[PDB]
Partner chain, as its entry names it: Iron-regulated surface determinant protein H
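Next comes just one chain, in structure tokens: the form solved without the partner chain.
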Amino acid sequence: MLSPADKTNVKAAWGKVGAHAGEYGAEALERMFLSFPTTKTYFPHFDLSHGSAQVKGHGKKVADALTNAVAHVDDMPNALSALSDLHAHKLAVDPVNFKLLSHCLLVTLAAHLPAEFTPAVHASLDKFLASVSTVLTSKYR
């Protein structure tokens, strides 16, 4: 469960991301694909080379979904409903992969937001991504 403090921390850090969100999403994916190669099995139809348009395109979609979750932080299960259905019924993403992406997103944010990535913010962000992962995984069975 996110606390009032967690919510504040996440809105603030994500606020600073702003219109870099799509770029950071794409970096998070590249970081994931390189550090954890098994995650590439879900994207056999993508060109995964550095700077790929499919990567950039997907990174934006992931980033927009996170932005929408932050915008609806008090109603995430409903705000992410459509996405939760999609992942459960059309994709077969093993839950551990969400942990891998979440980690890579933290690394990316740390790499770009030195002043905002404090210990308490790092903690709130990890809780936030864990909550998002839970929602997206909630209709699996």
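Residue numbers count along the first chain shown, from 1.
Looking at the deposited entry, does 43-51 or 92-100 carry the larger mean Cα B-factor? 43-51 has the higher mean C-alpha B-factor.
Relative to the other modelled residues in the chain, which third contains the C-alpha temperature factor of residue 1: lowest, middle or highest? Top third by C-alpha B-factor.
Ranking the modelled residues of this chain by C-alpha B-factor as given in the entry, is residue 12 in the lowest, middle or highest third? It falls in the top third of the chain.
For residue 68, the third of its chain into which the C-alpha B factor falls: Answer is middle: the recorded C-alpha B-factor places it there.
Is residue 26 in the lowest, middle or highest third of its chain when residues are ranked by C-alpha B-factor? According to the entry, residue 26 has a C-alpha B-factor in the chain's middle third.
C-alpha B factor of residue 82, ranked within the chain: lowest, middle or highest third? For residue 82, whose C-alpha B-factor we compare with every modelled residue in the chain, the answer is the highest third.
What follows is about the form deposited with the partner chain bound, which we do not show.
Considering non-hydrogen atoms and a 4.5 Å limit, does the partner chain approach residue 74 in the bound PDB entry? Yes, residue 74 is a contact residue.
Residue by residue through 23-38, which ones have a non-hydrogen atom no more than 4.5 angstroms from the partner chain in the bound PDB entry? Residues within 4.5 Å: none.
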